[PDB]
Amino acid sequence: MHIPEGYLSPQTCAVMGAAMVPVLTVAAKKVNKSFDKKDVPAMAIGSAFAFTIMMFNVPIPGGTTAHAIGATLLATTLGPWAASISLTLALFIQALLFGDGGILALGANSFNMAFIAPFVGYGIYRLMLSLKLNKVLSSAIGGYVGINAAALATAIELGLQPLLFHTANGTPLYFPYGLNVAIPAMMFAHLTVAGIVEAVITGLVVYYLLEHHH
């Protein structure tokens, strides 16, 4: 779902970045207060793991791409504030060193994948636990819902572009497809393939982690 450079207006990029700043600021303070050095390797591993699985995507006509993220997996294991930083780091490296997702679109992409995805996933995860579902199942359901919420956010950011940024003749200045295209396109991919892959990967790793072995 990574948004490439030029898909979003500079104004949209600026708003998303200004929203993402307080988040990461708060995240940073939360982690500083309750993580000790020994916990830092786990963030970095989670970060490298999310990066790796995100590289495996499929283009979506009408949208951007579809791939898993591991956002809820990081959120259930590191806490959402630390998942935030790990996931954002992965996105930073992807954009800056690999050209995957635009640089100015970084506030947008991290808002979707490094904020919405793990916080929705974790919230859902806590809910399922309170319904007495086991951690493996709750995390997997949280994963599905989280990635789909991020897909929706992405689809809405893109879809608003032709509506808000066009020439006097009504020609799109950036992303050219509206909500009518972007939402069914992005949501269909994520409700039926990417969400499931995400759920499976989340539950699997969570399972083996709980087993501490195999």
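One rule holds for the numbers: they count along the sequence shown, beginning at 1.
K.L.:
Per the record, averaged over C-alpha atoms, which has the higher B-factor: 112-120 or 133-141?
P.N.:
Mean B over CA atoms: larger for 133-141.
K.L.:
Would you determine, from the values in the PDB entry, which of 65-73 and 28-36 has the greater average C-alpha temperature factor?
P.N.:
For C-alpha atoms only, the mean B-factor is higher in 28-36.
K.L.:
Per the coordinate record, which of the options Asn169, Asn148, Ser47, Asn180 holds the highest CA temperature factor?
P.N.:
Checking the PDB record, the top C-alpha B-factor among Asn169, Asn148, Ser47, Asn180 is at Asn169.
K.L.:
So among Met187, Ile60, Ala153, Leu160, who wins on Cα B-factor in the entry?
P.N.:
Among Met187, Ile60, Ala153, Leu160, the highest C-alpha B-factor in the entry belongs to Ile60.
K.L.:
Which third, lowest, middle or highest, does the C-alpha temperature factor of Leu8 belong to within its own chain?
P.N.:
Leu8: CA B-factor falls in the lowest third of its chain.
K.L.:
Hey, what third does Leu96 fall into on Cα B-factor, ranked over its chain?
P.N.:
Top third by C-alpha B-factor.
K.L.:
Would you mind ranking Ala199 by its C-alpha B-factor against the rest of the chain and naming the third, lowest, middle or highest?
P.N.:
It belongs to the lowest third of the chain when residues are ordered by C-alpha B-factor.
K.L.:
For the chain shown, is the CA B-factor of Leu104 in the lowest, middle or highest third of its modelled residues?
P.N.:
Answer is highest: the recorded C-alpha B-factor places it there.
K.L.:
Which third of the chain holds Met128 when residues are ordered by C-alpha B factor: lowest, middle or highest?
P.N.:
Top third by C-alpha B-factor.
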